[PDB]
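Trainee:
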Amino acid sequence: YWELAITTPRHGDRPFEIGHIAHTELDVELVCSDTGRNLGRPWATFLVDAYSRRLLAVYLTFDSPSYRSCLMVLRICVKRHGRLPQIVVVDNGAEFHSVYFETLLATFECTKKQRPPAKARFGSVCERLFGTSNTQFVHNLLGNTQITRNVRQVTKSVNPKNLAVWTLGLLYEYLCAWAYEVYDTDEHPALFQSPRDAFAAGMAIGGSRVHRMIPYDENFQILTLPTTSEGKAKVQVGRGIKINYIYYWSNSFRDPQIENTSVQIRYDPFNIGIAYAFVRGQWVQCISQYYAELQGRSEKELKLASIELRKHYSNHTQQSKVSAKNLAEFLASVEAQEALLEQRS
Amino acid sequence: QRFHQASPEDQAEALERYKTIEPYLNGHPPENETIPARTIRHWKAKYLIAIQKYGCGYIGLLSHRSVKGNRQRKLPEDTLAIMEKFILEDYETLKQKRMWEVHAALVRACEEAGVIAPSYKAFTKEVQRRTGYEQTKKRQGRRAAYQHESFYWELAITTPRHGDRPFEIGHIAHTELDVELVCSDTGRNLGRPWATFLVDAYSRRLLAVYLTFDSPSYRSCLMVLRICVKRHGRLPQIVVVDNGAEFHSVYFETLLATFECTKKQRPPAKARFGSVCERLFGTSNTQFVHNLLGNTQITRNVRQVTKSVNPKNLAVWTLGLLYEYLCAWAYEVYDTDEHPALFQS
Amino acid sequence: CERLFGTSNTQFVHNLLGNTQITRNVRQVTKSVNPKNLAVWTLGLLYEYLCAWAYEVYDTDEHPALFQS
Amino acid sequence: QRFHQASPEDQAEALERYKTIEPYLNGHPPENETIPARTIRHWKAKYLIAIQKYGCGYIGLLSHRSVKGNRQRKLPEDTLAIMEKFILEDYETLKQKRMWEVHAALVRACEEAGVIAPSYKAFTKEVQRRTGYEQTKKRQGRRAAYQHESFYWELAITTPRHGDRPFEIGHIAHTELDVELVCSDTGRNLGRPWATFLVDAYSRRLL
DNA sequence: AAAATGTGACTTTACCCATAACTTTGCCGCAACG
DNA sequence: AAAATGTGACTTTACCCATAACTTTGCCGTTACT
Ligand SMILES: [Mg+2]
Ligand SMILES: [Mg+2]
Ligand SMILES: [Mg+2]
């Protein structure tokens, strides 16, 4: 499309005006920080300023993209800046539709513009950003899943499953260093400067706008939490509510009429020692079994541990096939021997 | 706090209010609005008041539907007191009276007292609101209320419950395998054998497995400890045993003293203190024991046992083969099987 | 006939001390709840009250299958 | 028979179609009709077709949703046959094996035979299709399967089950009363007394 | 005379995916009236 | 060598009547603007 007249800019006239949210699956393998077993490949969420091509915030998770994978990048952006873009643009579908994302946006007077069905030309800048990220950082990492594009050529000598040594924390540090220091200072060919310099100039022209300042307190943290697919849970006796195979407990569950009742839940994906439930018309904190084991730890590693444990639980749920196979082999010879011993008698 | 008092559907309704108001707060009202003028005016006025007082207008749009509702009791207070007394002194008793008879007695007492009698639904609803430790202990006893026990949830991090390292906390437990065993020479019914387990509570690993027909005594502990020393080389640092008389003896205590073994004693009728090995007994039952001829599963309800399905006439296994296959299970199948709370075998 | 046993359980027998009701769950029995230490009834009085129930309590009670006592 | 093939939801939908078409059948069509013209015309045409070649035209407005669906089995036939055989010969057996172990054995056999292995949910769902008397008798025994045995439902007037008059059919049965008794004099426990009941089947009166 | 051990293998709802099967409904022609 | 007995007492939903504690509306008074 060609812009004959001078309409509203597609990139913006000042920073933070349009924040494009996009997602990519890294061509890399990640192992546990305590065992070394290959978890898999992660998902990164990039929030890029359309005006300055600056990566304001990033989010790392092992899950497929959805509203929880962008509320996280929004809260990270608020953590590092304290303001939200007035036009936070997200994707269409059902994984990006919820009732807490839009409530968060309506709290701070923000506007949401979803993509049209199967048309990403509005966020076409994110496509080149993903290409640059893959061809500048991702493909330059040991054990990158570059040969996985040709499954027929994936030999055990060059298999990234037994090659990559990258971990969630170390690769997170490397990704942040590449995105916020190398990319943020490297000149972009679009506007002909570095993203940081363009952002500084745009903020100088547009001021600070202190009315959009948000205090990064605990209330905001609860304001930016996702919810499981069902949205409710059953209160078991003495145990609590199950979220991602973890039982979160609150003393409010001791009420006789709340037992085994369906209660609305919310889960923090940056720490798994704390969730929230709705009891007696009040949101109440629920403590898991990972709270004592992670009491006294800063928030800069709680999220790493939580994501790693989530992926570990998913892989354990996947291990049931091998468990059943071994049980079947053992039981087969039990039967064999049993039949032989009966025939002997 | 006002926000945190609301519910998810309150969030949705306040969001609907916000999307109704926002076009009016942008100078571009819609040409087709279902909401009338007065309602949108009220919502806009509340938005303005909230944005002019609390610094955030969305809080004005909250409904807080939990605050509305008739939380007042409808029965007279004398009836409530008399029904509470009857529940306390005629239903929570060591008689297990049915609800109908105690309700009838309550109604007769009410009719003598001249107070308004309640309905059977009222009695059932107030009995299901007093459920818990008190009811189960004043009805069936302490061993039945033990299922309705409050768990222990760690706020701070004491010494870990299952172990900081292997061979730190190890559990001893006996049981009788639900399988009828036959003799290897004369082929008569030898009854059900007894299996004793020594489990490393950290990795839940079966350190030692022993099987013998005799009732548990110091001989079983002797054999299990000798097996544990033979297979690995060292006894567990803290041996956790139950209050059985075979552990409160003179041989076991001096045996543990000789090898610098801290002996821990779980309180009587509190099996949760051995939640690792005891659950592993059920794992053995479902994975190896209950898949064998003569599995005394039907005998749980002896009313359904027939001479054709009595396991005694079906018994085929001997002691040696059952022990050797249970050892094969313990040291290879459960050994290599991945664990939930361990993320590896 | 057989269900008339169960009614005798609910209306007369399970509402007495020392009833053998909690022994269905043998795994949950303690010396403080054993009916052999709580029992106080005798054969004569138990028979007398069972006859009373069967002859003037259940006898005058309306039946669902007859719409009459 | 078409009416007998209808559901209450299908009946309500037919009622809605009739209420939509009724103004068009009286010369007073409404000026506010949300339903498009093509559907109204099709409903009217089928109304006339039914009133012509059936006898009543309402019966031409029946949906019969029950026929719709994909009942074709999605698993390969060899997979079926193997899983039938394993459910027959490794689950309903005098072992009371759990479903996970039998599914694992079936999966191992399928991988030996080079066929598709059904998921665990499929195994549980088909096992749930075999419930009743046969499975309970082939797993627990004839005593346990007796609950789901059968009810003999009277078609004609045979001799009544519970007699015709008092003192016609009386049942005799004994039981062990669930009550402990102490000795009258010495106070020692004596056990649980036995109760013998003779009761007529007509008036239920404990004889 | 006295505080601190639930647990994990197995099974079951729930959401998505593909296809069969009846009903909708805009896009076009065709007969009838002004 | 073989027909042809499930009950019913004691619970648990499920719907209706009453009232609290607010949202949801119309309607009229008031006021800025033309
Ligand atoms: Mg034991
Ligand atoms: Mg047992
Ligand atoms: Mg009895």
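Protein chains in written order, with the deposited numbering: chain A, 498 to 842; chain B, 347 to 691; chain C, 623 to 691; chain D, 347 to 553. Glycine included, C-beta positions come from ideal geometry on N, C-alpha and C.
1) Of all the CB atoms in chain C, is at least one closer than 7 Å to the CB of D:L527?
2) Give the residues whose C-beta lies closer than 7 Å to at least one heavy atom of ligand 1, in chain order.
3) One question on the structure: do B:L394 and B:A360 come within less than 7 Å of each other, judged by their Cβ atoms?
4) Any chance you could list the beta strand (DSSP E) runs of at least 3 consecutive residues sitting entirely within the region 605-672 of chain A, in chain order?
5) Give a yes or no on contact between the region 438-450 of chain D and the region 634-648 of chain B, applying the rule of three or more CB pairs nearer than 8 Å.
6) Assuming B:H578 contacts B:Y548 under a Cβ cut-off of 8 Å, what Cβ separation, rounded to an integer in Å, is found between them?
7) Who are the neighbours of D:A490 on chain B, taking C-beta pairs under 7 Å?
8) What are the partner residues of A:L552, as DSSP defines its beta bridges?
9) Per DSSP, B:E522 is paired with what?
10) Classify residue 844 of chain A as buried or exposed, calling it buried when 16 or more other Cβ atoms lie within 10 Å of its own Cβ.
11) Report the three-state DSSP secondary structure of C:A676 (helix, strand or coil).
12) Measuring alpha carbon to alpha carbon, tell me which of A:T558, A:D510, A:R511, A:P512 ends up nearest A:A802.
13) Taking a Cβ distance cut-off of 8 Å, strictly less, list which residues of the region 629-642 of chain C are near chain B, in chain order.
14) Within the present structure, is the beta-carbon of D:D524 separated from the nearest heavy atom of ligand 3 by less than 6 Å?
15) Consult DSSP for B:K484 and reduce its assignment to one of helix, strand or coil.
16) Would you call the region 585-594 of chain B and the region 639-659 of chain C in contact, with 3 or more CB pairs under 8 Å?
17) Any beta carbon from chain D within less than 7 Å of B:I644's own beta carbon?
18) Return the CA-CA distance between D:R489 and C:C623, expressed in angstroms with no decimal places.
19) Return the chain-ordered list of same chain residues with a C-beta closer than 6 Å to the C-beta of A:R572, the five sequence neighbours on each side being excluded.
20) Within 10 angstroms of the Cβ of C:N659, are there 16 or more other Cβ atoms? Answer buried if so, exposed if not.
21) Would the C-beta of B:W675 count as close to ligand 5, meaning under 6 Å from any of its heavy atoms?
22) Quick test of your reading: A:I784 and A:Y745, contact by CB under 8 Å. State the CB separation rounded to the nearest angstrom.
23) Is the region 519-527 of chain B touching the region 807-818 of chain A, taking contact as three or more C-beta pairs under 8 Å?
24) Please list the residues of the region 805-828 of chain A that have a C-beta atom closer than 9 Å to any C-beta atom in chain D, keeping them in chain order.
25) Give every residue of the same chain whose Cβ lies closer than 8 Å to the Cβ of B:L626, excluding the five residues on either side of it in the sequence, and list them in chain order.
26) With three or more beta-carbon pairs closer than 8 Å as the criterion, would you say the region 766-783 of chain A touches the region 479-489 of chain B?
27) Does any residue of chain B bring its CB to less than 7 Å from the CB of D:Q442?
28) Report the neighbours of D:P539 on chain C: residues whose CB is nearer than 9 Å to its CB, in chain order.
29) Starting from the C-beta of B:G406, find all residues in its chain whose C-beta is less than 7 Å away, skip the five residues before and the five after it, and write them out in chain order.
30) Figure out for me which residue from B:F593, B:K576, B:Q583, B:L668 has the closest Cα to the Cα of B:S566.
31) Comparing the C-beta of C:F689 with each C-beta of chain D, is any distance below 7 Å?
32) Going by DSSP in three states, A:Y597 sits in which element: helix, strand or coil?
33) So, do the region 750-764 of chain A and the region 726-739 of chain A have three or more beta carbon pairs nearer to each other than 8 Å?
34) With DSSP run on the structure shown, which of helix, strand or coil describes D:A459?
35) Can you give me the Cβ contacts of D:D436 inside the same chain, cut-off strictly under 8 Å, excluding the 5 residues immediately before and after it?
36) Could you give the C-beta distance for B:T629 and B:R538, rounded to a whole number, given that I count them as a contact under 8 Å?
Mentor: On the basis of the coordinates in this document:
1) yes
2) Those residues, listed in chain order, are B:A519, B:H520, B:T521.
3) no
4) 608-611
5) yes
6) About 13 Å; that fails the 8 Å criterion.
7) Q650
8) A:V545
9) Answer is B:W540.
10) Chain A is shown from 498 up to 842; residue 844 of chain A falls before or after that span and cannot be answered.
11) helix
12) Comparing alpha carbon positions, the residue from A:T558, A:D510, A:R511, A:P512 closest to A:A802 is A:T558.
13) Within the region 629-642 of chain C, the residues whose Cβ lies closer than 8 Å to some Cβ of chain B are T632, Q633, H636, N637, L638, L639, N641, listed in chain order.
14) yes
15) helix
16) no
17) yes
18) 19 Å
19) Excluding residues up to 5 positions away in sequence, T721 lie with their Cβ nearer than 6 Å to the Cβ of A:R572 in the same chain.
20) exposed
21) No copy of ligand 5 appears in this structure; the ligands present are ligand 1, ligand 2 and ligand 3.
22) 7 Å
23) no
24) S817, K818, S820, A821, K822, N823, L824, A825, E826, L828
25) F543, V545, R550, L552, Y680
26) no
27) yes
28) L665, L668, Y669
29) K392, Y393, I395, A396
30) B:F593
31) No - not a single Cβ of chain D is within 7 Å of the one on C:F689.
32) coil
33) yes
34) Three-state result, D:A459: helix.
35) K443, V448, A451, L452
36) Not a contact, Cβ separation roughly 19 Å.
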